[PDB]
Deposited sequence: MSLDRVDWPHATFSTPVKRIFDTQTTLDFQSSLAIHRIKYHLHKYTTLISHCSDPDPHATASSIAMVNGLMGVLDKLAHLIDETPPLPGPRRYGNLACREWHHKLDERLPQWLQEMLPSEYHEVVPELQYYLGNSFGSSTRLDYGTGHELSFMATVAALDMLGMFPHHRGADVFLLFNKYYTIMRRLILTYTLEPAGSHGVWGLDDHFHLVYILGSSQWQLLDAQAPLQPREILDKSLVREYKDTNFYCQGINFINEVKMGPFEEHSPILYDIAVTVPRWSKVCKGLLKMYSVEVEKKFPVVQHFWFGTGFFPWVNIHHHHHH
């Protein structure tokens, strides 16, 4: 099935590398793995379009395992000011951060999950542990972001998010993007293009407003305005991503983000931005060898099998 792991016929084991060449990039195109990723990408995008207006002060969901996952993310957050910038390209305190992360994270995910599900930790630990960038190269891109979506897809396949709402994906991904921005700045990470680091923010941000399109607080062309974008950054992912680019990049916008600029200037409806960016996702991340290279496969969540 695409939406559930067949519990408990299923077996979980340490994720392993599979994509290494061209033929293997297309084997991927017809694997249970890619179809599970795609199913969840579409589910989250759809769920979040019902949430044009999340509460920016919300701390909690009434879904237990969203709270659970927030906590593990909170624990990783405080891990940073225990691992302060060395000087220096990516900074090297990051290696230490990742090492502290890799040490404590299986413990954390055991605390987070009920007893029944503990065998799942080797696979979840890999997926969550690869969401925050590369230890050796010290960079962050769309493959790490994918692996944070892989993480939540995997909890979802275990039936941990029943009646998952748009507001629960905003909350989860919102905590996640606040940590990422925090990292990038603190440990000066390198770009691993639409955006130097991200691709889902914009699928999700444009989907938040795709159902209201004409009465959206902002139209696509309005994103070129720096201060309108400030006012909506807490409540809309698209603004949040563009507002980060404004703060970390110093050319005029057309110069440093030509692809986002060419979309703002040319796509008049949010439902169109979303679907365009979705199709780009298949090509610029799912069919891109330098990205999907480092997505590893286990036997339970995202298996290397046909059909």
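Missing from the model, by position in the deposited sequence, are residues 1, 90 to 92, 197 to 202, 318 to 323.
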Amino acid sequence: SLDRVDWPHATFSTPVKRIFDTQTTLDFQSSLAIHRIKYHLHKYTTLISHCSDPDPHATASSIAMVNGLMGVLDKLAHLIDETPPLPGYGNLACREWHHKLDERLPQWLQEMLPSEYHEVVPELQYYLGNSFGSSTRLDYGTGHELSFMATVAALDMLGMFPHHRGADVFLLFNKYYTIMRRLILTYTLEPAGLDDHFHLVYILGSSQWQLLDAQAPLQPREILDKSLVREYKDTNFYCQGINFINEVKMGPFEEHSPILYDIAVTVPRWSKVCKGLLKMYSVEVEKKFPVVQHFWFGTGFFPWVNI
From here on, numbers count along this sequence of modelled residues.
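According to the PDB record, 133 to 141 carries the higher mean C-alpha B-factor of the two stretches 133 to 141 and 194 to 202. As recorded in the PDB entry, 5 to 13 is the stretch of 5 to 13 and 21 to 29 with the greater mean C-alpha temperature factor.
Highest CA B-factor among 41, 66, 242, 248, as stated in the entry: 248.
For the set 175, 182, 165, 98, the PDB entry puts the maximum C-alpha B factor at 98. Split the chain's modelled residues into thirds by C-alpha temperature factor. Residue 235 is in the middle one. Per-chain ranking of the deposited C-alpha B factor places residue 123 in the middle third.
Per the PDB record, residue ranking by Cα B-factor puts residue 219 in the middle third of the chain. Per the PDB record, residue ranking by Cα B-factor puts residue 93 in the highest third of the chain. Sorting the modelled residues of the chain by their CA temperature factor places residue 228 in the highest third.
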